[PDB]
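Below is one structure, written out as structure tokens; comments come after it.
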Amino acid sequence: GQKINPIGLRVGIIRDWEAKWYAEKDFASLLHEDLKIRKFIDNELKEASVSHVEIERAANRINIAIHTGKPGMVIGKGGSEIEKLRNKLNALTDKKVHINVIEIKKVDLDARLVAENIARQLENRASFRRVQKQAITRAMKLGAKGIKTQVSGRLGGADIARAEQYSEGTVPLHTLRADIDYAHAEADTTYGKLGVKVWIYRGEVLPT
Amino acid sequence: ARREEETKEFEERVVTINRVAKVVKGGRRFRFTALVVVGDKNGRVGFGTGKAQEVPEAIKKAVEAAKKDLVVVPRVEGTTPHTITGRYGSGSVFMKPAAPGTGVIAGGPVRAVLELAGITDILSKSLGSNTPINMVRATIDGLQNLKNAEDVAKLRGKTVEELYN
Amino acid sequence: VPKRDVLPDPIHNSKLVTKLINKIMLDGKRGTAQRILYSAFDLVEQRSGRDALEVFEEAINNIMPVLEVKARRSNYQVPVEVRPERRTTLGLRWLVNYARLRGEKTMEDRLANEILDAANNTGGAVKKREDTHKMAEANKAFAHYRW
RNA sequence: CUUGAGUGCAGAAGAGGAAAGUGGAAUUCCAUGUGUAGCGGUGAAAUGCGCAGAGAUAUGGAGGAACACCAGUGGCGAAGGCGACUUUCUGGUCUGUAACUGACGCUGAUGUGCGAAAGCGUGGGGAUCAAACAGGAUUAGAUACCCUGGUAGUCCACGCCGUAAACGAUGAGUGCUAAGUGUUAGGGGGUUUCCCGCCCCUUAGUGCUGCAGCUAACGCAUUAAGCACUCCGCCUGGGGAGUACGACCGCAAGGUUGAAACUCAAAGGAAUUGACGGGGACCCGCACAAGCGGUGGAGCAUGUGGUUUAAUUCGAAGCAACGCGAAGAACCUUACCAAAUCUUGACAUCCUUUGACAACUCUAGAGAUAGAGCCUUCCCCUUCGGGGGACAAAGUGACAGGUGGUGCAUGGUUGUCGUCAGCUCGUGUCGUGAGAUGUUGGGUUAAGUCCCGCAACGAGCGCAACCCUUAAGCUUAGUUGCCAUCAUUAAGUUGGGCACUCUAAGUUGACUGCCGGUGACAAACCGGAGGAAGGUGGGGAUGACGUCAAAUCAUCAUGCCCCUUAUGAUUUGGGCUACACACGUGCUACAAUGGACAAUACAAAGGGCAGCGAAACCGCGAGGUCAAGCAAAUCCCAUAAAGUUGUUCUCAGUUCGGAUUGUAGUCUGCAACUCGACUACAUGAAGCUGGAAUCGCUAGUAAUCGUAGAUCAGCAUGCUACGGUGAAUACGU
Ligand SMILES: [Mg+2]
């Protein structure tokens with residue numbers, strides 16, 4: 001309790017993992033191989049604002065793909081960048097890779113992108129409300145059945161913390177065939193720290 | 001409603017806000033509010049109100065109900081025809097016309113009213129209660145029970161210019 | 001809310017045995033009660049030669065209340081008929097519970113003494129009958145004009 | 001002059017008043033007859049009355065007070081008030097009438113008088129009822145409620161006080177303005193043979209619902225709180241205070257008149273929402289009952305408190321902290337303490353400066369460490385430099401670090417109210433408004449579940465499902481699984497087989513869904529069949545808006561604040577585990593369903609690669625040698641135990657129990673001294689079912705037996721799952 005994330009509930013049925021490889025019971029070498037991948041990507045995230053990266057892993061190789069709204073940041077002009085990133089990766093990965101960018105579609109309706117965005121306007125001291133109303137508003141143009149959008153902490157860089165939410169549309173949550181994009185974020189200006197809890201719902205579909 | 005028309009010019013104008021509560025066990029659910037008047041300052045004005053969990057919602061809803069109720073407000077010479085006293089729920093009121101060049105003299109709310117119905121020079125003192133609402137309802141009660149020379153001499157068998165203010 | 005019966009037991013052929021063994025089964029050892037009871041119906045016939053159903057059925061009539069009380073409200077308490085289910089349940093319940101209270105060292109001597117004395121209208125089972133039927137159906141006057 | 005007012009004339013009614021008179025029941029007191037042992041009272045009792053015969057029962061006597069039915073939102077009167085009846089005297093009112101006088105009227109200061117009950121005087125009376133009082137009881141106490149008695153007084157007459165929620169908290173009088181509907185005394189008319197019956201109308205008071213309108217709202221509405229006029233009285237924030245001084249009246253208590261000082265920023269009305277009620281209606285729940293078993297006693301383990309301490313490391317504290325974080329405390333961990341030790345530091349990034357990196361011994365030291373030998377050695381790319389992952393010791397400013405405080409500044413995370421069934425938003429309506437409306441009512445459900453009805457229509461979150469698991473079957477596939485047909489065998493071990501079991505994949509099925517009744521035909525309830533499984537089939541996961549300024553800065557992250565040659569650092573040893581005591585959690589006991597010995601059958605689930613430890617051998621034993629198979633349906637963990645059959649025991653602090661202590665040994669780890677675990681011998685504790693209070697649980701449940709794992713050099717009575725045996729009761733709210 002109290003509530004949970006849907007993703008650890010919907011997983012097992014309607015989402016594969018962000019990470020995939022052979023068990024053999026030796027995980028720790030390979031899972032904490034993945035762990036540094038999970039670290040370094042922040043230095044793409046800061047410019048890219050990516051949703052999620054997969055790691056498929058065949059026997060002798062690695063195959064990943066980063067979900068972005070901004071390809072041009074990471075692809076380089078004509079490929080100037082991803083090779084550089086392979087170079088800075090092999091130095092610690094200590095094994096080959098075929099990093100293969102992926103674009104995510106209806107590109108900016110996504111969750112971690114948009115949660116990150118509203119955090120970004122809270123970084124430069126945007127007032128809280130317009131962020132949320134414009135979030136839901138543009139979301140509703142782009143097509144969706146319902147959205148929730150939340151913030152916590154000391155609003156307006158002010159006294160004891162609060163939390164609100166401006167949801168619209170139906171947000172089927174305690175059901176089990178949803179395929180919703182939950183995320184989370186953080187941001188500091190001067191006082192403590194500010195997180196969020198975005199949500200969406202965009203139609204019912206399985207991975208088979 | 002009655003008969004909002006969105007066609008004239010408009011100038012919304014705000015009089016107050018409260019923070020107003022309904023206590024349910026545990027917390028205290030409260031709902032900001034506001035009153036509004038809307039007129040063309042050319043011969044039309046009326047109030048409008050509403051409540052919401054947030055201001056812009058409240059004021060906008062108020063304005064949507066605002067246009068829906070109106071009075072014609074017989075005006076003459078950039079001035080009201082004569083003097084009355086309005087009365088509604090102990091929010092009495094008293095107006096009087098004026099030598100021009102004065103400007104409306106009155107309190108905050110009523111000033112926002114008559115300044116929005118395009119009246120220029122007039123004298124008043126609010127009376128009874130100081131509460132903003134029934135003050136206004138006093139005003140428009142009087143303006144609703146108000147007449148000009150054409151409004152009257154029509155009725156009486158005779159006609160103006162043997163009689164005029 | 002109904003009863004969910006126990007079927008027969010064909011040792012020795014009857015059903016009250018079936019309802020009996022289960023109460024003696026302290027801590028879920030059904031074979032021990034099975035043994036000592038069945039032997040009790042060997043020995044009760046051995047001493048005082050007769051049938052097991054004579055001593056058993058007759059006793060569990062002799063120790064079997066048919067009128068009884070219950071409290072409610074000051075302190076008043078309705079005299080109340082006993083359902084046949086609870087009738088036998090009380091007979092056997094207080095039967096074993098006092099059959100304990102004899103105080104012998106033997107598995108079955110205590111029982112044969114119990115129901116063969118009960119079948120002679122003696123033993124604390126019969127005294128329990130007489131006490132319950134004493135306070136009951138002696139103060140009936142006040143609590144009887146009710147359900 | 002007659003329309004206001006008053007007088008008439010003919011009428012109607014009435015608990016209108018004062019005095020006298022009469023009568024029945026009933027209470028009581030006494031007397032008598034009858035007759036015995038209780039009466040009377042309470043929630044339970046007691047005190048009292050009673051064998052001197054009560055009470056109860058019958059007769060008759062006295063005596064005071066009140067008057068059953070009738071009695072009604074009915075009447076009367078100026079109010080207070082007035083209810084048995086009859087007489088005497090006597091006040092006003094309403095109608096009709098209209099001759100009669102012709103404005104004589106309304107209000108009313110100061111004055112004058114009547115005025116509930118209590119109270120007072122003087123005198124009579126004294127049946128009940130009953131302040132004060134006594135006794136009893138309850139109660140911590142009860143001079144209070146309760147009970148038994150019980151005086152003044154209630155009562156009458158003459159006098160006196162002279163007030164009240166004296167209320168409709170609404171001054172008197174006149175006049176105008178929608179209806180409906182009853183009621184009381186009358187009047188006119190039509191119908192009726194006769195109205196006495198029916199109807200229509202009109203006056204006077206009387207009650208209710210209601211518009212116009214008023215009012216802040218509730219509400220009033222021809223009996224105005226409406227529309228107005230006259231006259232009178234009265235108010236100017238609350239406490240101080242109806243107090244004080246003074247006057248006046250009074251037999252007296254006290255009544256009338258009636259301030260101030262100081263002091264407060266409120267006092268207060270009406271209505272909405274929420275909570276609450278020892279207020280009410282309904283339903284549900286291991287909430288009660290019906291039942292079983294336990295804690296509390298006895299000893300042990302574990303944790304908190306305390307005590308004590310160089311330190312006994314911090315947090316958590318009613319449920320909603322106390323076998324929690326801590327799913328592993330010799331060191332390590334460990335934060336705390338003593339000692340020796342350090343300064344870009346234990347450690348991370350940056351610049352220089354280099355360099356691939358290092359190891360084994362000696363010394364000193366407890367280690368930390370250094371003191372010397374020794375050798376780490378430009379490896380990927382070089383054309384003499386260089387570039388590089390990566391080393392380097394030194395400088396080294398930025399720095400680094402803080403288990404350093406604030407969880408009442410925060411993110412994140414989690415409990416709890418509670419899987420309780422509810423909580424909210426839009427549009428529109430009402431309301432001056434806060435708010436209400438929906439979401440209410442009838443019916444219905446485990447469910448704001450659903451139908452119907454309704455100034456409400458819709459949406460969302462929520463329950464349900466949606467998913468995992470479970471109950472049966474069909475297809476598919478057959479090794480390591482199985483062996484039915486057979487052969488063979490220690491043995492399914494192998495030939496052969498995949499029929500069955502099984503293994504995991506796909507699909508069928510259960511949905512008021514089929515029938516019958518009931519029911520607003522509907523929802524839904526009840527029963528019937530079928531099927532393995534009927535009304536969410538069992539279970540799990542899932543936890544609304546929010547609450548407790550709940551918990552965590554010590555998982556982490558972090559604002560602010562603070563430390564810095566130490567609030568940072570390394571190491572050895574130590575403690576986190578103390579011990580007059582209490583508390584809570586749990587274990588084993590207090591023995592014959594029992595104890596000891598021997599034989600003997602039935603599982604499920606999960607783990608094993610530097611780990612499972614098969615066989616055999618030694619040893620009483622923990623264990624030891626030894627090594628086969630084993631990355632697993634293969635082989636090992638791993639006998640399952642309870643049970644079942646047998647022998648013995650025959651009620652003892654016992655062959656009960658199994659604490660504590662000494663000795664002898666096993667393994668792990670360097671080393672088991674604080675402080676590991678384990679076996680063997682000997683010891684042989686308290687304790688013979690648990691007080692006051694108290695917890696768990698409704699069927700595979702409780703009760704009860706053992707197994708596997710995580711954490712793990714060694715160490716779990718605890719935690720999690722796993723199955724085995726397996727019940728009693730559920731009258732009912
Ligand atoms: Mg009348």
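Residue names in the structure tokens use chain letters A, B, ... in the order shown, residue numbers from 1 in each chain, and ligand numbers from 1 in the order shown.
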Original post:
Residues within 9 Å of ligand 1 (only C-alpha atoms (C1' of nucleotides) and all ligand atoms), as number ranges by chain?
Top reply: D: 203-205, 222
**OP:** Using only C-alpha atoms (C1' of nucleotides), find which residues of chain B lie within 12 Å of chain D and jot them down as a PyMOL selection string.
**Re:** chain B and resi 1+18-31+33+49-53+57+61+65+87-91+129+131-138
Export of the given selection (C-alpha atoms) as a CSV table (one decimal), in the first residue's frame:
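Contents of the output file again-v1.csv:
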```
chain,number,residue,atom,x,y,z
B,1,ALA,CA,-31.6,32.6,-18.5
B,18,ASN,CA,-14.4,34.7,-0.7
B,19,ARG,CA,-12.9,31.5,0.4
B,20,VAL,CA,-15.9,29.4,1.3
B,21,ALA,CA,-15.9,26.1,3.0
B,22,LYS,CA,-17.9,22.9,3.3
B,23,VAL,CA,-16.5,20.7,6.1
B,24,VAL,CA,-16.6,16.9,5.6
B,25,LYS,CA,-15.2,14.7,8.3
B,26,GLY,CA,-11.4,14.8,8.1
B,27,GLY,CA,-10.7,17.8,5.9
B,28,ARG,CA,-12.2,21.1,4.9
B,29,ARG,CA,-13.4,21.3,1.3
B,30,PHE,CA,-13.5,25.0,0.2
B,31,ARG,CA,-14.5,26.7,-3.0
B,33,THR,CA,-16.1,32.4,-5.4
B,49,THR,CA,-21.9,35.1,-9.9
B,50,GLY,CA,-20.6,31.6,-9.4
B,51,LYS,CA,-18.5,29.3,-7.4
B,52,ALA,CA,-15.6,27.0,-8.2
B,53,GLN,CA,-12.5,25.3,-6.8
B,57,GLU,CA,-13.3,28.9,-13.5
B,61,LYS,CA,-18.8,30.8,-15.2
B,65,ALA,CA,-24.5,33.6,-16.2
B,87,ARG,CA,-34.0,48.3,-1.3
B,88,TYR,CA,-33.5,44.5,-1.2
B,89,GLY,CA,-32.8,42.5,1.9
B,90,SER,CA,-31.7,45.4,4.1
B,91,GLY,CA,-29.0,46.4,1.5
B,129,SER,CA,-25.8,46.9,4.9
B,131,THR,CA,-22.4,43.6,2.1
B,132,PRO,CA,-21.3,43.7,-1.5
B,133,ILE,CA,-24.1,41.5,-3.0
B,134,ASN,CA,-27.4,42.9,-1.8
B,135,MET,CA,-25.9,46.3,-2.3
B,136,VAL,CA,-25.9,45.6,-6.0
B,137,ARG,CA,-29.2,43.8,-6.0
B,138,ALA,CA,-30.5,47.0,-4.4
```
Under the rule of at most 10 Å, produce a per-residue listing of chain A near chain D: chain, number, name, the closest pair of atoms, and the distance in Å, as a Markdown table, using only C-alpha atoms (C1' of nucleotides).
```
| residue | atom | partner | partner_atom | distance |
| --- | --- | --- | --- | --- |
| A:1 | CA | D:543 | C1' | 6.5 |
| A:2 | CA | D:543 | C1' | 6.0 |
| A:3 | CA | D:543 | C1' | 6.5 |
| A:4 | CA | D:542 | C1' | 9.3 |
| A:9 | CA | D:541 | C1' | 8.8 |
| A:10 | CA | D:467 | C1' | 9.0 |
| A:12 | CA | D:467 | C1' | 9.7 |
| A:13 | CA | D:467 | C1' | 8.0 |
| A:24 | CA | D:631 | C1' | 9.8 |
| A:91 | CA | D:389 | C1' | 7.1 |
| A:92 | CA | D:389 | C1' | 9.3 |
| A:146 | CA | D:460 | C1' | 9.7 |
| A:152 | CA | D:411 | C1' | 7.7 |
| A:153 | CA | D:410 | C1' | 6.0 |
| A:154 | CA | D:410 | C1' | 7.1 |
| A:158 | CA | D:409 | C1' | 9.4 |
| A:159 | CA | D:409 | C1' | 7.4 |
| A:160 | CA | D:409 | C1' | 6.4 |
| A:161 | CA | D:410 | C1' | 7.1 |
| A:167 | CA | D:460 | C1' | 9.4 |
| A:168 | CA | D:460 | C1' | 8.2 |
| A:169 | CA | D:460 | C1' | 7.2 |
| A:170 | CA | D:460 | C1' | 6.0 |
| A:171 | CA | D:460 | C1' | 8.2 |
| A:172 | CA | D:461 | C1' | 8.8 |
| A:173 | CA | D:461 | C1' | 9.1 |
| A:174 | CA | D:542 | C1' | 7.0 |
| A:175 | CA | D:466 | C1' | 5.6 |
| A:176 | CA | D:466 | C1' | 5.4 |
| A:177 | CA | D:466 | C1' | 6.4 |
| A:178 | CA | D:466 | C1' | 9.5 |
| A:185 | CA | D:411 | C1' | 9.4 |
| A:186 | CA | D:411 | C1' | 7.3 |
| A:187 | CA | D:411 | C1' | 9.0 |
| A:188 | CA | D:558 | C1' | 8.6 |
| A:189 | CA | D:559 | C1' | 9.1 |
| A:190 | CA | D:559 | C1' | 6.3 |
| A:191 | CA | D:559 | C1' | 4.4 |
| A:192 | CA | D:559 | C1' | 4.0 |
| A:193 | CA | D:411 | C1' | 5.5 |
| A:194 | CA | D:411 | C1' | 5.9 |
| A:195 | CA | D:411 | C1' | 5.8 |
| A:196 | CA | D:411 | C1' | 9.0 |
```
Subject >> DSSP helix (DSSP H, G or I) selection over range 5-180 of chain A, as a VMD selection string >> reply: chain A and resid 7 to 10 28 to 40 42 to 48 72 to 75 82 to 93 111 to 123 128 to 141 155 to 157
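Neighbours of residue 36 in chain C closer than or equal to 9 Å, with only C-alpha atoms (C1' of nucleotides) counted and sequence neighbours fewer than 5 positions away skipped, come out as residues 31, 41, 107 and 108 of chain C; 593 of chain D.
For the set B:13, B:42, B:152, B:77, the residue with the smallest atom-to-atom gap to residue 111 in chain B is B:13, counting only C-alpha atoms.
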Compile a residue-level contact table for chain A against chain B at a cut-off of 12 Å, reporting for every qualifying residue the shortest atom pair and its distance in Å to one decimal, with only C-alpha atoms counted, rows ordered by chain and ascending number, as a Markdown table.
```
| residue | atom | partner | partner_atom | distance |
| --- | --- | --- | --- | --- |
| A:129 | CA | B:54 | CA | 10.4 |
| A:130 | CA | B:56 | CA | 11.4 |
| A:133 | CA | B:56 | CA | 11.9 |
| A:164 | CA | B:53 | CA | 11.5 |
| A:166 | CA | B:53 | CA | 11.2 |
```
**OP:** Output as a PyMOL selection string the set of chain C residues within 6 Å of chain D, with distances taken over only C-alpha atoms (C1' of nucleotides).
**Re:** chain C and resi 1+27-28+32
**OP:** List every residue of range 35-109 of chain C that DSSP, applied to the backbone, labels as strand (DSSP E), and write the result as a ChimeraX atom specification.
**Re:** /C:67-72,76-81
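For the atom pair formed by CA of residue 118 in chain B and CA of residue 47 in chain B, the distance is 15.1 Å, given to one decimal.
A straight line drawn from CA of residue 118 in chain C to CA of residue 55 in chain C is 8.5 Å long.
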**OP:** For residue 106 in chain C, please output as JSON, numbers by chain all residues within 12 Å (counting only C-alpha atoms (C1' of nucleotides); exclusion window: fewer than 4 positions along the same chain).
**Re:** {"C": [36, 37, 39, 40, 43, 99, 100, 102, 110, 111, 112, 113], "D": [592, 593, 594, 650, 651]}
Output N, CA, C and O atoms (P, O5', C5', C4', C3', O3' and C1' of nucleotides) for every residue in the selection just made, as a PDB file, in the first residue's frame.
```
ATOM      1  N   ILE C  36     -10.024 -46.667  22.108  1.00  0.00           N
ATOM      2  CA  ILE C  36     -10.436 -46.753  23.506  1.00  0.00           C
ATOM      3  C   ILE C  36     -11.951 -46.792  23.618  1.00  0.00           C
ATOM      4  O   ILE C  36     -12.499 -47.418  24.532  1.00  0.00           O
ATOM      5  N   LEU C  37     -12.652 -46.140  22.694  1.00  0.00           N
ATOM      6  CA  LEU C  37     -14.104 -46.237  22.690  1.00  0.00           C
ATOM      7  C   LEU C  37     -14.549 -47.641  22.332  1.00  0.00           C
ATOM      8  O   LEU C  37     -15.387 -48.230  23.028  1.00  0.00           O
ATOM      9  N   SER C  39     -13.020 -50.457  22.535  1.00  0.00           N
ATOM     10  CA  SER C  39     -12.756 -51.310  23.680  1.00  0.00           C
ATOM     11  C   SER C  39     -13.716 -51.012  24.821  1.00  0.00           C
ATOM     12  O   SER C  39     -14.045 -51.911  25.599  1.00  0.00           O
ATOM     13  N   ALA C  40     -14.171 -49.763  24.949  1.00  0.00           N
ATOM     14  CA  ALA C  40     -15.139 -49.448  25.991  1.00  0.00           C
ATOM     15  C   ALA C  40     -16.431 -50.205  25.765  1.00  0.00           C
ATOM     16  O   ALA C  40     -17.094 -50.629  26.719  1.00  0.00           O
ATOM     17  N   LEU C  43     -15.737 -53.733  27.044  1.00  0.00           N
ATOM     18  CA  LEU C  43     -15.653 -53.942  28.482  1.00  0.00           C
ATOM     19  C   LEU C  43     -16.973 -53.671  29.172  1.00  0.00           C
ATOM     20  O   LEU C  43     -17.294 -54.335  30.163  1.00  0.00           O
ATOM     21  N   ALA C  99     -17.030 -37.470  32.452  1.00  0.00           N
ATOM     22  CA  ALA C  99     -16.337 -38.750  32.429  1.00  0.00           C
ATOM     23  C   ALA C  99     -14.842 -38.564  32.620  1.00  0.00           C
ATOM     24  O   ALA C  99     -14.173 -39.415  33.215  1.00  0.00           O
ATOM     25  N   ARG C 100     -14.306 -37.464  32.099  1.00  0.00           N
ATOM     26  CA  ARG C 100     -13.014 -36.972  32.543  1.00  0.00           C
ATOM     27  C   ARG C 100     -12.979 -36.838  34.053  1.00  0.00           C
ATOM     28  O   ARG C 100     -12.091 -37.379  34.720  1.00  0.00           O
ATOM     29  N   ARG C 102     -14.171 -38.079  36.572  1.00  0.00           N
ATOM     30  CA  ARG C 102     -14.095 -39.181  37.522  1.00  0.00           C
ATOM     31  C   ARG C 102     -12.731 -39.218  38.197  1.00  0.00           C
ATOM     32  O   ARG C 102     -12.621 -39.031  39.414  1.00  0.00           O
ATOM     33  N   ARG C 110     -13.211 -45.720  33.271  1.00  0.00           N
ATOM     34  CA  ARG C 110     -13.918 -44.476  33.537  1.00  0.00           C
ATOM     35  C   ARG C 110     -15.208 -44.371  32.722  1.00  0.00           C
ATOM     36  O   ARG C 110     -16.250 -43.974  33.256  1.00  0.00           O
ATOM     37  N   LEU C 111     -15.178 -44.758  31.444  1.00  0.00           N
ATOM     38  CA  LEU C 111     -16.379 -44.651  30.621  1.00  0.00           C
ATOM     39  C   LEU C 111     -17.419 -45.687  31.004  1.00  0.00           C
ATOM     40  O   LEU C 111     -18.589 -45.349  31.201  1.00  0.00           O
ATOM     41  N   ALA C 112     -17.026 -46.961  31.058  1.00  0.00           N
ATOM     42  CA  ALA C 112     -17.979 -48.011  31.402  1.00  0.00           C
ATOM     43  C   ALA C 112     -18.627 -47.717  32.743  1.00  0.00           C
ATOM     44  O   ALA C 112     -19.848 -47.822  32.889  1.00  0.00           O
ATOM     45  N   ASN C 113     -17.821 -47.297  33.720  1.00  0.00           N
ATOM     46  CA  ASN C 113     -18.375 -46.817  34.975  1.00  0.00           C
ATOM     47  C   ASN C 113     -19.341 -45.670  34.736  1.00  0.00           C
ATOM     48  O   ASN C 113     -20.401 -45.600  35.364  1.00  0.00           O
TER      49      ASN C 113
ATOM     50  P     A D 592      -2.341 -38.376  32.946  1.00  0.00           P
ATOM     51  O5'   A D 592      -2.386 -39.111  31.537  1.00  0.00           O
ATOM     52  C5'   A D 592      -3.566 -39.786  31.128  1.00  0.00           C
ATOM     53  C4'   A D 592      -3.268 -40.997  30.288  1.00  0.00           C
ATOM     54  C3'   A D 592      -4.125 -42.216  30.599  1.00  0.00           C
ATOM     55  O3'   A D 592      -4.458 -42.897  29.397  1.00  0.00           O
ATOM     56  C1'   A D 592      -1.840 -42.753  30.903  1.00  0.00           C
ATOM     57  P     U D 593      -5.735 -42.412  28.558  1.00  0.00           P
ATOM     58  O5'   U D 593      -5.097 -41.837  27.225  1.00  0.00           O
ATOM     59  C5'   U D 593      -4.306 -42.670  26.394  1.00  0.00           C
ATOM     60  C4'   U D 593      -4.084 -42.040  25.048  1.00  0.00           C
ATOM     61  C3'   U D 593      -3.053 -40.920  25.033  1.00  0.00           C
ATOM     62  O3'   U D 593      -2.387 -40.905  23.769  1.00  0.00           O
ATOM     63  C1'   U D 593      -5.143 -40.066  24.373  1.00  0.00           C
ATOM     64  P     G D 594      -0.806 -40.634  23.640  1.00  0.00           P
ATOM     65  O5'   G D 594      -0.287 -40.405  25.129  1.00  0.00           O
ATOM     66  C5'   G D 594      -0.349 -39.129  25.754  1.00  0.00           C
ATOM     67  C4'   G D 594       0.550 -39.071  26.964  1.00  0.00           C
ATOM     68  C3'   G D 594       1.912 -39.738  26.815  1.00  0.00           C
ATOM     69  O3'   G D 594       2.880 -38.893  26.221  1.00  0.00           O
ATOM     70  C1'   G D 594       0.867 -40.570  28.731  1.00  0.00           C
ATOM     71  P     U D 650       4.668 -50.747  37.381  1.00  0.00           P
ATOM     72  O5'   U D 650       3.373 -49.989  37.904  1.00  0.00           O
ATOM     73  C5'   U D 650       3.439 -48.631  38.319  1.00  0.00           C
ATOM     74  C4'   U D 650       2.104 -47.955  38.171  1.00  0.00           C
ATOM     75  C3'   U D 650       1.002 -48.529  39.052  1.00  0.00           C
ATOM     76  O3'   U D 650       0.108 -47.496  39.475  1.00  0.00           O
ATOM     77  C1'   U D 650       0.410 -48.791  36.776  1.00  0.00           C
ATOM     78  P     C D 651      -0.290 -47.328  41.029  1.00  0.00           P
ATOM     79  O5'   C D 651      -0.172 -45.764  41.296  1.00  0.00           O
ATOM     80  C5'   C D 651       1.023 -45.209  41.832  1.00  0.00           C
ATOM     81  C4'   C D 651       1.164 -43.746  41.492  1.00  0.00           C
ATOM     82  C3'   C D 651      -0.033 -42.886  41.870  1.00  0.00           C
ATOM     83  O3'   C D 651       0.396 -41.601  42.315  1.00  0.00           O
ATOM     84  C1'   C D 651       0.296 -42.818  39.513  1.00  0.00           C
TER      85        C D 651
END
```
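Take CA of residue 7 in chain C and CA of residue 85 in chain C: the distance between them is 14.9 Å.
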**OP:** Write out as a count of residues only each polymer residue whose atoms come within 10 Å of residue 76 in chain B, counting only C-alpha atoms (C1' of nucleotides); drop sequence neighbours fewer than 4 positions from it.
**Re:** 6
